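One structure is given here, and the rest of the page talks about it.
Any value given below was found using the heavy atoms of this structure, including those in side chains, with hydrogens, waters and symmetry copies removed. Reminder, nothing fancy here: chain letters follow the sequence lines and each chain counts from 1.
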Amino acid sequence: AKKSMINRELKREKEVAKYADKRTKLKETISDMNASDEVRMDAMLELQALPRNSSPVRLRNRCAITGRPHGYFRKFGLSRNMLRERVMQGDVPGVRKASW
Amino acid sequence: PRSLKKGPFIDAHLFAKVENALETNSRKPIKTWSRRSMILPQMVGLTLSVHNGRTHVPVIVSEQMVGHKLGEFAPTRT
Amino acid sequence: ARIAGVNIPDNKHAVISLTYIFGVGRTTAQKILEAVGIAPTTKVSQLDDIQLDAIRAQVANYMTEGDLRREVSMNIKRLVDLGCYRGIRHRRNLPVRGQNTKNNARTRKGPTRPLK
Amino acid sequence: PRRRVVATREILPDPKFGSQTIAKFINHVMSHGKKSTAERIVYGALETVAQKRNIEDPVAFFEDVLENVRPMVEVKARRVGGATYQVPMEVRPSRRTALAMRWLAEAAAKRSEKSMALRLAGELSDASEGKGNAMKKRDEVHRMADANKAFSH
Amino acid sequence: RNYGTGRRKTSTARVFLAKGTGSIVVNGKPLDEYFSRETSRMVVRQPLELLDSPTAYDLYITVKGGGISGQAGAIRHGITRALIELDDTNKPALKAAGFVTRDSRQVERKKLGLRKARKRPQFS
Amino acid sequence: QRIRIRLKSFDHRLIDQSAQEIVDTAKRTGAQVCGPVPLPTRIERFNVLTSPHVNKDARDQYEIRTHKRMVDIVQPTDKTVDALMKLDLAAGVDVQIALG
Amino acid sequence: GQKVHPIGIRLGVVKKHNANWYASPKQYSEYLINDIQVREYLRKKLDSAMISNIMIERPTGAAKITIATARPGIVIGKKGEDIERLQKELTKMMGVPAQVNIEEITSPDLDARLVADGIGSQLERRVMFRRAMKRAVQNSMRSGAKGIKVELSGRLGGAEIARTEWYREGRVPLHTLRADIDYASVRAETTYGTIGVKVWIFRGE
RNA sequence: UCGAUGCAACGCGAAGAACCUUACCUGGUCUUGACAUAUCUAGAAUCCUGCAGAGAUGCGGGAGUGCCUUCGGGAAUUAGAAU
RNA sequence: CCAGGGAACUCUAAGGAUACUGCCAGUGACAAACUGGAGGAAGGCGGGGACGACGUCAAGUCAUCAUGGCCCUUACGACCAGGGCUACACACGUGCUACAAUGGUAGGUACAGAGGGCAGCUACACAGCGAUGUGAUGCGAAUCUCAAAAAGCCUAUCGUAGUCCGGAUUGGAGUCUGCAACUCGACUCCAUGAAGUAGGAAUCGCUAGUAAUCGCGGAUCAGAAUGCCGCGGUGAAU
């Protein structure tokens with residue numbers, strides 16, 4: 001993809017890790033039954049006041065090499081285009097052509 | 001629509017804006033781009049202008065519009 | 001038998017016949033029979049006046065065809081004069097639940113009309 | 001096909017009568033790969049006529065009706081220099097039974113009886129004496145076979 | 001206590017043949033109770049009656065995998081494998097009946113671009 | 001003290017030899033060892049489109065098997081243990097220890 | 001384009017992956033992404049030397065990268081002065097210190113990548129493609145081989161209409177799985193466009 | 001938004017558009033710039049904050065002073081100064 | 001796994017054996033081959049897949065990537081919010097669900113495979129009509145789980161009706177995911193109950209575990225399959 005779009009994902013993922021611990025502690029606080037009713041809504045209000053990119057929902061995992069937003073594989077982390085190239089050269093361990 | 005346990009959603013930058021309008025009881029349009037917010041009973045009677053994508057269409061809040069999103073009344077397509 | 005102001009088939013089973021009441025479906029029919037205590041398999045024809053009355057009294061709890069047609073009309077009317085998104089879709093006879101309008105909306109737009 | 005003659009498959013006989021003719025007829029009634037559903041249709045139909053006509057063994061009765069439906073002469077399509085001659089030819093025995101088994105099922109599927117087992121029972125009874133669409137279909141083929149009776153190429 | 005291993009499309013059947021009255025027990029339950037299919041019942045009991053000895057041997061079958069008619073074929077194959085143990089003169093008759101051959105038929109795999117093993121996405 | 005070794009690789013001919021010396025080095029030290037039982041292998045298949053733009057019917061089928069083996073030292077000895085940390089095997093196969 | 005990669009179709013029958021590490025599915029991606037990053041860097045920083053096969057097997061923690069070049073003297077340098085500065089650099093972008101060893105290429109003419117790189121270099125230096133293609137065929141056959149196929153695709157000769165020219169000498173039976181064929185597809189960034197260079201080296205079944 | 005256009009385009013790229021993805025539009029913004037090397041001025045980076053705004057951003061206050069070499073200082077680092 | 005703790009069997013997954021027109025009878029140029037027969041699990045290419053010659057279509061891809069040339073550099077580069085890619089007089093291409101009785105509904109009662117699970121699956125208990133909610137447990141898995149397979153079988157019922165078919169649309173009330181479900185999510189419940197009674201000219205797939213039919217998984221994925229890629233069950237006609 002474009003160079004800006006790759007870098008935009010980096011700064012979109014920088015916030016996710018920066019508020020990673022805050023969300024986890026906040027998430028239990030708003031879901032805690034023993035927490036007071038006014039305690040939990042105030043905390044949930046803060047969750048909606050955090051920076052927008054901080055959530056792990058705006059993350060679109062992307063190919064490491066080319067930055068292709070489509071055809072992504074979690075096991076390999078590469079798009080479909082570059083995974084085929086590396087598999088067929090033999091650079092991906094274990095993976096081979098299948099036939100049954 | 002939305003879980004009732006999580007409460008009615010209202011934007012942070014809109015809840016304060018309507019709260020400040022209650023004190024003065026002003027009738028001037030309130031310019032907002034957040035049409036995802038729910039309509040509360042505290043904002044009945046005041047006038048605010050929701051983004052339609054191009055401009056800010058003015059909407060006069062009535063009693064029978066509490067419980068809807070602000071975007072209900074800001075058509076986007078023609 | 002005549003129940004809730006409209007006649008219903010008498011030869012059919014009680015649970016099936018009660019569905020002919022506009023505003024009463026299969027499970028509402030089942031809930032009605034349980035309160036009175038009549039087996040659903042019993043036909044409407046073999047219903048005594050005492051238990052036919054009991055069904056009529058129980059039907060008053062759930063909204064019948066008369067009131068519900070208004071309320072549905074009022075609910076739809078409430079949107080039309082309101083001017084909301086669902087309001088403009090109802091008046092224009094287009095789907096209101098975010099359904100595909102390019103390809104398939106012929107149950108909401110009526111029969112396909114030829115274009116010159 | 002175009003080169004060889006593939007061998008025909010072996011069909012196991014029906015479990016209630018041990019005949020490969022009824023088991024093949026069950027294959028002609030079955031749809032969607034539902035063998036058991038077709039079996040009760042055939043068994044119910046055969047039981048209905050057997051219980052009505054007072055016959056102990058219905059496999060021979062089904063042979064009698066099947067032989068009364070099977071055509072002997074069929075009208076093939078032939079071409080001689082662009083001209084289409086509807087030559088009537090004999091029917092190979094494997095095709096005779098297939099045609100008869102086909103017509104019975106297709107004629108019984110358009111009956112007016114309540115159940116399909118009852119619909120098939122009517123056609124089996126009707127075709128036994130020599131009436132019904134199945135008999136009518138066989139006559140129609142024979143009528144066309146007699147209609148030409150002039151191309152012996 | 002002759003043993004035979006029966007196999008069909010996905011069901012493997014183990015049979016323990018032994019001289020007795022003729023009772024058949026499949027998975028600790030009677031054959032009629034286990035198999036509601038008359039076809040499956042006949043297929044299971046076919047080799048025994050083929051050579052005129054239905055009520056001669058007691059069977060203890062334990063089936064696994066496959067389906068309701070694949071298990072019947074597996075039991076038939078296993079019963080063949082067990083009958084050939086006591087006597088080698090029955091093997092000609094069972095082979096002529098076609099019960100000694102293990103059916104290699106299997107569900108053909110779905111192919112890419114195809115809708116099934118062979119069905120194609122119709123074009124126009 | 002019944003230790004159990006667990007082996008997991010992608011290459012199947014790499015674990016057969018890897019387990020072979022483990023069952024040999026643990027049986028040549030005056031100890032009894034049961035052979036490596038093969039456990040069901042995980043076969044992950046993938047459908048990678050070959051073309052960069054069009055014709056979704058052109059794809060490759062890749063697979064990556066994950067074979068697993070394990071052995072049991074039913075009775076261990078001090079001369080069987082001391083032979084086991086010095087058997088430093090890596091680069092292709094992961095070795096797990098129960099230690100008990 | 002209708003020919004499968006001859007290395008990937010042989011990956012299990014008569015070949016070996018140039019990667020030998022097991023990682024968990026969570027950890028598999030970051031190893032591979034790290035693994036690919038090594039290849040791109042090492043292919044540019046070590047471009048002067050002629051490197052063909054780089055095997056990257058990482059044991060628990062460490063990583064035993066095994067490059068196979070034809071000029072070890074310039075990769076290693078004086079008493080390994082150049083290899084050591086690469087040691088501290090590869091570790092910086094990887095985990096714990098990873099050792100790098102160099103394998104020797106006895107015949108730097110049977111490797112497809114080495115032959116392809118030479119043809120790619122010659123096309124860069126304004127050499128007629130016909131002579132560059134023919135010579136590499138001659139060298140490979142005279143160096144001991146059973147087949148070479150070299151194919152050049154692009155604007156050969158700086159023409160406007162691209163064309164494919166290929167010279168085969170020997171057997172190179174691509175459809176035989178037990179063939180031991182070395183394949184390489186490199187490029188030549190000329191002044192008139194990229195020229196693709198594909199080399200097949202059949203070296204006995 | 002764009003591409004795919006007879007078989008061999010049309011559940012095709014897309015193995016999955018609420019935001020993001022997004023490439024299009026309305027508006028609000030930035031100009032060596034989100035990103036790489038050439039550089040010199042201060043500082044460990046980094047963390048927690050206030051207000052104003054739809055947000056991008058803008059203006060302000062507190063804690064910390066790295067590490068190897070040590071008075072040239074160096075792997076990284078925040079805000080420009082210009083080609 | 002379970003025949004009698006066992007090391008039998010099934011299973012699991014590595015290494016091998018077998019199959020070679022090898023044997024027989026015939027035809028055939030004293031041939032290659034062909035036709036039948038025995039043995040064997042398998043017979044002549046045993047079934048399926050991968051592998052796609054020289055070239056063709058200046059076929060597709062400059063939007064995976066790279067790249068020659070051309071063009072823009074306070075902008076055709078860059079950031080953000082909202083909209084939009086989801087519009088609808090319409091036509092076309094792929095499908096899915098149906099039009100029912102070989103069926104719908106309500107009770108019982110069976111038989112799989114393959115794959116996933118810490119970026120999670122959830123035993124069990126309780127609350128709930130339900131989606132799901134709280135507590136809590138086992139499991140990086142042949143251990144715990146997804147998960148019950150459905151079609152099937154037995155009983156009752158409906159008795160040919162636009163219906164106890166069909167499930168679009170719409171009204172009301174909710175659960176999850178997520179900063180956020182109006183544009184524009186998926187499910188759950190109640191109510192409504194649309195066309196549709198087998199489809200013109202024309203046209204397509206399939207030769208065997210195939211077609212047809214029935215369910216179950218996975219990738220992508222916070223949530224969002226009637227698509228895609230697979231898995232097995234029943235199982236033809238010619």
Side-chain angles (χ1 to χ4, degrees), chain A residues 3-4 7-8 11 33 47-48 50 52 55-58 60 63 66 68-72 79 81-82 97 99-100, chain B residues 1-4 9 13 32-36 51 53-54 68-69 71-72 76-77, chain C residues 16 23 25 27-28 41 68 72 75-76 85 96 98 100-102 107-108 113 115, chain D residues 27 30-38 41 114-116, chain E residues 1 3 5 9-10 12 14 16 36 64-69 71 101-102 104-110 112 117-124, chain F residues 12 16 38-41 45 47 51-56, chain G residues 2-4 9 175 189 191-194:
Chain A
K3 191 91 152 191
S4 49
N7 308 337
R8 167 188 316 162
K11 68 98 172 179
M33 45 212 165
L47 175 84
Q48 313 167 339
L50 291 175
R52 198 89 89 72
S55 41
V57 169
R58 284 167 76 89
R60 174 88 155 194
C63 165
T66 53
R68 196 170 190 272
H70 278 296
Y72 179 101
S79 74
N81 281 132
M82 308 288 335
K97 264 205 151 205
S99 64
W100 63 102
Chain B
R2 181 183 177 86
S3 287
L4 283 193
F9 174 79
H13 80 252
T32 74
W33 313 73
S34 176
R35 44 201 295 188
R36 62 183 182 178
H51 193 196
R54 274 186 306 167
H68 292 356
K69 294 320 177 81
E72 294 288 335
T76 62
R77 277 169 290 221
Chain C
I16 294 313
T27 59
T28 294
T41 62
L68 168 92
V72 171
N75 285 324
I76 298 180
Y85 164 67
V96 304
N100 200 340
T101 52
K102 169 163 75 181
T107 193
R108 195 83 185 76
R113 60 182 56 91
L115 178 71
Chain D
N27 286 317
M30 162 188 21
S31 266
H32 315 293
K34 281 191 288 194
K35 181 66 67 67
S36 283
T37 309
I41 297 301
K114 185 61 68 70
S115 175
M116 180 73 205
Chain E
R1 289 296 278 177
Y3 171 53
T5 301
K9 56 180 71 169
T10 324
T12 169
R14 61 204 294 197
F16 287 90
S36 72
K64 218 190 226 203
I68 56 168
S69 45
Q71 252 153 39
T101 174
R102 185 259 193 269
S104 70
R105 309 194 221 167
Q106 70 179 358
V107 158
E108 187 177 354
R109 102 179 179 78
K110 174 189 154 42
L112 59 92
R118 297 177 187 263
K119 182 185 184 170
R120 302 204 141 179
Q122 72 147 284
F123 73 95
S124 291
Chain F
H12 66 90
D16 193 0
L39 305 182
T41 183
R45 305 209 164 111
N47 292 136
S51 179
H53 184 62
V54 86
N55 58 55
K56 193 181 162 77
Chain G
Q2 67 241 70
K3 292 179 182 65
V4 70
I9 202 70
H175 278 237
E189 314 287 351
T191 193
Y192 280 124
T194 288

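- Checking the phosphate oxygens (OP1, OP2) of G232(I), no side-chain nitrogen or oxygen of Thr10(E) falls inside 4.0 Å.
- Figure legend. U157(I) is base-paired to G104(I); pairs are counted as Watson-Crick or G-U wobble with both atom distances under 3.5 Å.
- Side-chain to base pairing of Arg36(B) with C179(I): one donor and one acceptor N or O lie within less than 3.5 Å of each other.
- Distance check on atom P: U31(H) versus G61(H) gives 24 Å, rounded to whole Å.
- With the rule of ring centres under 5.5 Å apart and planes tilted under 30°, the neighbouring bases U163(I) and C164(I) are not scored as stacked.
- Nucleic acid contact for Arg108(C): sugar-phosphate only, since backbone atoms but no base atoms lie under 4.0 Å from a heavy atom of the residue.
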Could you run down the sub-3.5 Å N/O contacts of the protein with nucleotides 45-51 of chain I?
| unit_1 | atom_1 | unit_2 | atom_2 | d |
| --- | --- | --- | --- | --- |
| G47(I) | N2 | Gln106(E) | NE2 | 3.3 |
| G48(I) | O2' | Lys111(E) | NZ | 3.4 |
| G48(I) | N2 | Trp100(A) | O | 3.2 |
| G49(I) | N2 | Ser99(A) | OG | 3.0 |
| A50(I) | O3' | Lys97(A) | NZ | 2.9 |
| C51(I) | OP1 | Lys97(A) | NZ | 2.6 |

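- In this entry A191(I) has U170(I) as its Watson-Crick or G-U wobble partner, both defining distances falling under 3.5 Å.
- In terms of position on RNA chain H, the residue among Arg60(A) and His13(B) whose nearest nucleotide sits closer to the 5' end is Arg60(A).
- No N or O donor and acceptor, one from the side chain of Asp16(F) and one from the base of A14(I), sit under 3.5 Å apart.
- Under the 3.5 Å cutoff applied to both distances, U74(I) and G95(I) fail to qualify as a Watson-Crick or G-U wobble pair.
- Both conditions hold for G49(I) and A50(I), whose six-membered rings have centres under 5.5 angstrom apart and planes under 30 degrees, so their bases stack.
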**Asked** Between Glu189(G) and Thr194(G), does a side-chain contact (heavy atoms from CB on, under 4.5 Å) hold up when you go through it step by step?
**Response** CA-CA 4 Å; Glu189(G) 314 287 351; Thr194(G) 288; 2.4 Å; yes

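- Nucleotide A8(I) has no partner under the Watson-Crick or G-U criteria, as no pair reaches both atom distances under 3.5 Å.
- When each of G82(I), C85(I), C35(H) is scored by its nearest atom to the side-chain atoms of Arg77(B), the top-ranked nucleotide is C85(I).
- For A186(I) with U175(I), the Watson-Crick or G-U wobble criterion holds, each of the two distances under 3.5 Å.
- We find that the ring of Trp33(B) and the base of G82(I) do not stack by the test of centres under 5.5 angstrom and planes tilted less than 30°.
- Not one N or O on the side chain of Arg105(E) forms a donor-acceptor pair closer than 3.5 Å with the backbone of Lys9(E).
- For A15(H), the base is syn relative to its sugar; the glycosidic angle is within 90° of 0.
- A33(I) is paired with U27(I) under the criterion used here, namely a Watson-Crick or G-U wobble arrangement in which both key atom distances are under 3.5 Å.
- Rounded to whole Å, the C1' atom of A147(I) lies 14 Å from the corresponding atom of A114(I).
- The gap from the P atom of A150(I) to that of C158(I) amounts to 27 Å, rounded to the nearest Å.
- Judged by distance alone with a 3.5 Å cut-off, a donor-acceptor contact links the side chain of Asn47(F) to the base of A15(H).
- Here the separation of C40(H) from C71(I), taken at their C1' atoms, is 36 Å to the nearest Å.
- Within the 4.5 Å cutoff, side-chain heavy atoms of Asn27(D) are placed close to those of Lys35(D).
- Under the 3.5 Å cutoff applied to both distances, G43(I) and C20(I) qualify as a Watson-Crick or G-U wobble pair.
- With both ends at atom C1', the span from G140(I) to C144(I) equals 11 Å, rounded to whole Å.
- Side-chain proximity of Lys35(D) to the nucleotides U175(I), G235(I), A211(I) is greatest for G235(I).
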Polar pairs (N or O, both sides) under 3.5 Å between protein and nucleotides 104-108 of chain I?
none

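- Proximity note for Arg8(A) (side chain, C-beta onward) versus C35(H), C79(I), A211(I): the nearest is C79(I).
- Remark: the separation of the P atoms in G84(I) and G107(I) is 46 Å, to the nearest Å.
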Heteroatom pairs (N/O) under 3.5 angstrom, protein to nucleotides 143-152 of chain I:
none

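- Against the 90° criterion about 0, the sugar-base torsion of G60(I) places it in the anti range.
- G27(H) and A63(I) have their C1' atoms separated by 27 Å, given to the nearest Å.
- Sugar pucker of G162(I) is south, as judged by a negative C1'-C2'-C3'-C4' dihedral.
- Nucleic acid contact for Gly53(B): base, since at least one base atom lies under 4.0 Å from a heavy atom of the residue.
- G43(I) and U97(I) have their P atoms separated by 39 Å, with the value rounded to a whole Å.
- Listed nucleotides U170(I), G178(I), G233(I) differ in distance to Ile76(C); the shortest reach to its side chain belongs to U170(I).
- Comparing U21(H), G83(I), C1(I) against the side chain of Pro69(A) picks out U21(H) as the nearest.
- Looking at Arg14(E), its side chain comes within 3.5 Å of the base of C9(I) through a donor and an acceptor atom.
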**Request:** Encode nucleotides 128-138 of chain I as B, S and - characters from 5' to 3', where the letter depends on protein heavy atoms closer than 4.0 Å: B to the base, S only to sugar-phosphate, - to neither.
**Result:** ------SS---

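- Pairing of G152(I), defined by two Watson-Crick or G-U wobble distances under 3.5 Å, is identified with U109(I).
- Between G199(I) and its strand neighbour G200(I) the base rings do not stack, failing centres under 5.5 Å or planes under 30°.
- Between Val54(F) and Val57(A), the residue anchored nearer the 5' end of RNA chain H, judged by the nucleotide with its closest heavy atom, is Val54(F).
- The side chain of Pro52(F) lies closest to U64(I) when the candidates are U64(I), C179(I), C1(I).
- Across the strands present, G47(I) finds no partner; the criterion is a Watson-Crick or G-U wobble pair with both atom distances under 3.5 angstrom.
- For the neighbouring bases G33(H) and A34(H), no stacking contact is recorded, as ring-centre distance under 5.5 Å and ring-plane angle under 30° do not both hold.
- Remark: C88(I) base-pairs with no nucleotide in the shown strands. Criterion, Watson-Crick or G-U wobble with two distances under 3.5 Å.
- If you check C179(I), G83(I), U160(I) against the side chain of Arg58(A), the one that comes closest is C179(I).
- Between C2(H) and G13(H), both key atom distances fall under 3.5 Å, giving a Watson-Crick or G-U wobble pair.
- Checking the phosphate oxygens (OP1, OP2) of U234(I), a side-chain nitrogen or oxygen of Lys9(E) falls inside 4.0 Å.
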Any protein N or O atoms within reach of nucleotides 115-117 of chain I? Criterion: under 3.5 Å, listing atom names and distances.
| unit_1 | atom_1 | unit_2 | atom_2 | d |
| --- | --- | --- | --- | --- |
| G116(I) | OP1 | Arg42(F) | NE | 3.2 |
| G116(I) | OP1 | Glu44(F) | OE2 | 3.0 |
| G117(I) | OP2 | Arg42(F) | NH1 | 3.0 |
| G117(I) | OP2 | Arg42(F) | NH2 | 2.8 |

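- Under the rule of centres below 5.5 angstrom and planes below 30 degrees, the bases of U61(I) and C62(I) are not stacked.
- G77(I) and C30(H) make up a base pair, with Watson-Crick or G-U wobble contacts both under 3.5 Å.
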Between the protein and nucleotides 196-203 of chain I, which nitrogen or oxygen pairs come in under 3.5 angstrom?
none

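- Judged by the 3.5 Å cutoff on both pairing distances, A3(I) and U67(I) do not qualify as a Watson-Crick or G-U wobble pair.
- In this structure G16(I) is not paired with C1(I), as neither the Watson-Crick nor the G-U wobble definition is met at both distances under 3.5 Å.
- Contact annotation: side chain of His53(F) to base of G3(H), donor-acceptor pair present below 3.5 Å.
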